[PDB]
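Structure first, commentary second.
Read-outs: derived from the displayed coordinates by stated rules, not from any lab. All Cβ positions, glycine included, derive from the backbone under ideal geometry; neighbour counts span all protein chains shown.
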Amino acid sequence: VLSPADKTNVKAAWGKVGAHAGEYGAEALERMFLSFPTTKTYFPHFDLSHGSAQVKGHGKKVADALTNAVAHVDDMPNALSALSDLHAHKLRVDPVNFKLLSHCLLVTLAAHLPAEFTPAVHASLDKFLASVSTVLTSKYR
Amino acid sequence: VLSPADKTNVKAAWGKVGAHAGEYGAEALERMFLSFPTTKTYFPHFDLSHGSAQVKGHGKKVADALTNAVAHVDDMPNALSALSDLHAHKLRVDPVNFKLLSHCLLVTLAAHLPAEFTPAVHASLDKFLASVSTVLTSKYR
Amino acid sequence: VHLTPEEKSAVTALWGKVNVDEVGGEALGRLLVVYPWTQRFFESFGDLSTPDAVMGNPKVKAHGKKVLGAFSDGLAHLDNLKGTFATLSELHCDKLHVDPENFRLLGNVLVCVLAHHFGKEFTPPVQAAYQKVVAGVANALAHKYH
Amino acid sequence: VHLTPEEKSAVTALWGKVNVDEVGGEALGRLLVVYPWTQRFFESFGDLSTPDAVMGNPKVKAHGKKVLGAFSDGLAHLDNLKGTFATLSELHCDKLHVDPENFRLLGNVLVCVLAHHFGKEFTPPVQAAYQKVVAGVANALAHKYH
Ligand code: HEM
Ligand code: HEM
Ligand code: HNI
Ligand code: HNI
């Protein structure tokens, strides 16, 4: 469960990210494709070339979804309901990959939040991304 | 989430297990220790060889916990609350190991339920053991 | 990854009793029933809407024969699983775009199918040997991904 | 795993700039904070009640340095990680009873610590090379478990 302290840490950290969220979403995807190449099996229809506009566009969508989840951190199952439906029934991405994207999002945040990425905030962000992943895989079977 | 059919299937299968629950719990533990040696790191104080009295006794405890979970299948977070606290705070078993015991429980059931272990029942039991595992790892941080 | 001589003999002995075509269809079918997101690769196989629709699907059965046939052939090469499955690894990555986690799931389902079929004969030591095998095969199939 | 000449070069180049004392203390400390069940091996280390207590703990910092020092030594054996970590693998299994999942968790925390320290210099390709390394080291330390 996300504690009130977790929620405070997540909101403050994502607040600092601000309008950079879309960029960081794309960076996290790029980091994931490079570091965990098996995740590319879900994007064979994508242009994965360097600076890919398609990947950048998708990073923005991922970021916006996270921004919405932060804004509705008290009620994420409802906020992420349609997105959960999409991954469970249409995309059918194996649940193990959510930890890979989560790690890459965490690494991206660490690389862009020198002051803010304290051990406590690190912990809260990890819990938050796992909670998002839990909601997004809740309807798979 | 467990569907109405899942719960029917789990109750029927565990019902057929009947008085053998403790035996199967011990067998599942033995299968786990042999197939996944890393799990032995949590039991250095145990005799873990075949025919172990400690493993037989512990299998009964695991089985009893599962029986209680089946009895309270719509309220497992609360029915298993103390056991969740125990694994999270006293034992501190890494969450990755729950899938290993769950698999060995499944295999044990498959080996003992020729008629009952249909593909649908297999699916329901896997979901059930995953749900028990989720509850038992819900308080780790 | 490797097995003792006792484990190799146990694997071979049990496998001698396996109907590979049948166990293959059963394992692939159960994969698609128990982990239904794995159906994503098989839209062309038709009706996968219910457990019976999946298990009795002729195309699921035919593909199961093919998959476990390759698995079976690989049991003759337990010392070189990565080499054995290199071209299938490349194919599943480059052409089929199959997440290797699927190989791990299939391995686990196969172990359940063997347990279901053989009952008490699928002893804990026999399972341990087969766990080494399916992990080795899944790792081999994952090895050429890039 | 198996690093390319280009990846090997990237790893060594970054590591030459690493303060192993700081990064080791940070990595082990954050392991214990972020995944607090990992504290189970360190009751003898004293006060681990708060994040500040963990991070500032002299024994946590000393052990973090020792662990990352052995990690550092391993970087001179990138084509034989299993060989060089064989002794420590057996030690962690039989004497310390450490679940190898801990090695994987530490590896990912290390990657986070490196990103936190180096910022934009920890590029996606540099991360990818370090992911290969930490997976390789974790697998090497897990290899002799029984
Ligand atoms: C924190 C976890 C995740 C978030 C927040 C997220 C978010 C999103 C969003 C917002 C979309 C677009 C929704 C729409 O167009 O209606 C999407 C689509 C998609 N996601 Fe995710 N996702 C996550 C995890 C994953 C993972 C782990 C994978 C695979 C490795 C994945 C693969 C895909 C794919 C293949 C699409 C469709 C792309 C397309 O063809 O347009 N997602 N995701
Ligand atoms: C379905 C999952 C599980 C169930 C239902 C379960 C159940 C139990 C129960 C009922 C107890 C005894 C509680 C007591 O003494 O008050 C126990 C203890 C314990 N469990 Fe589990 N457990 C599960 C998963 C695991 C896993 C995966 C591990 C490690 C691989 C583990 C390691 C332990 C240990 C070390 C003890 C203490 C044994 C002792 O020293 O007496 N458990 N568990
Ligand atoms: C859930 C997905 C999935 C899994 C777990 C899986 C697991 C395995 C395993 C594991 C032991 C083996 C040995 C194996 C072997 C094979 N697979 Ni896999 N495959 C999978 C998805 C496929 C798909 C998809 C194809 C192409 C099917 C088609 O439509 O022709 C395929 C095709 C094959 C072929 C035929 C190759 C060709 O067409 O040239 C072989 C052989 N395989 N598959
Ligand atoms: C979370 C637990 C944990 C992790 C992730 C971990 C990860 C690692 C990694 C990963 C890169 C390496 C290279 C490594 C190396 C070492 N460990 Ni680990 N160790 C861990 C728990 C221990 C414990 C416990 C000891 C004994 C500590 C003490 O001081 O007694 C230990 C002791 C050591 C020693 C000292 C051995 C000796 O006495 O000769 C080395 C070297 N290690 N450890």
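Tell me whether the range C:44-65 contains one or more residues that are in contact (Cβ under 8 Å) with a residue 60 or more places away in the chain and over 20 Å from C:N19 (Cβ atoms).
no
Sort out which residues of the range D:25-84 are hydrophobic (A, V, I, L, M, F, W, C) and within 16 Å of ligand 2 (Cβ to nearest atom), and write them in order of number.
D:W37, D:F41 - these are the residues of the range D:25-84 that are hydrophobic (A, V, I, L, M, F, W, C) and within 16 Å of ligand 2 (Cβ to nearest atom).
Given B:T67, B:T39, which one is hydroxyl-bearing (S, T, Y), touching a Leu at 6+ places or on another chain (Cβ under 7 Å) and in contact (Cβ under 8 Å) with a residue 24 or more places away in the chain?
Just one listed residue meets the conditions, B:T39.
Would you be able to say whether some residue in the range D:28-46 is within 15 Å of the chain's Cα centre (by Cα), assigned to a helix (DSSP H, G or I), more than 14 Å from chain B (Cβ to nearest Cβ) and closer than 29 Å to A:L129 by Cβ?
Looking through the range D:28-46, at least one residue is within 15 Å of the chain's Cα centre (by Cα), assigned to a helix (DSSP H, G or I), more than 14 Å from chain B (Cβ to nearest Cβ) and closer than 29 Å to A:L129 by Cβ.
In the range B:106-118, what residues are buried (at least 21 other Cβ atoms within 10 Å of the Cβ) and part of a helix (DSSP H, G or I)?
Within the range B:106-118, B:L106, B:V107, B:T108, B:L109, B:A110, B:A111 qualify.
Go through the range C:89-146 residue by residue and tally those that are within 13 Å of chain B (Cβ to nearest Cβ), of a type in the set (S, T, Y) and within 18 Å of C:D79 (Cβ to Cβ).
Residues in the range C:89-146 being within 13 Å of chain B (Cβ to nearest Cβ), of a type in the set (S, T, Y) and within 18 Å of C:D79 (Cβ to Cβ): 1 in total.
Quick one: which residue in A:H103, A:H50 is part of a helix (DSSP H, G or I), out of contact with any strand residue (DSSP E or B) (no Cβ under 8 Å at 6 or more places or on another chain) and more than 16 Å from ligand 3 (Cβ to nearest atom)?
When all the criteria are applied, what remains is A:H103.
When the residues of the range B:11-47 are filtered to those that are away from chain C (no Cβ under 14 Å) and of a type in the set (A, V, I, L, M, F, W, C), which remaining residue is farthest from C:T123 (Cα to Cα)?
Step by step, filter the range B:11-47, then rank; the result is B:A12.
Scan (1) surrounded by fewer than 19 Cβ atoms within 10 Å (Cβ to Cβ); (2) within 14 Å of the chain's Cα centre (by Cα); (3) closer than 23 Å to C:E101 by Cβ for the single condition A:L86 breaks and write down its number.
Result: A:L86 passes all but (2).
Which residues, counting only those in the range B:1-45, are of a type in the set (S, T, Y) and assigned to a helix (DSSP H, G or I)?
B:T8, B:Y24, B:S35, B:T38, B:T39, B:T41, B:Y42 - these are the residues of the range B:1-45 that are of a type in the set (S, T, Y) and assigned to a helix (DSSP H, G or I).
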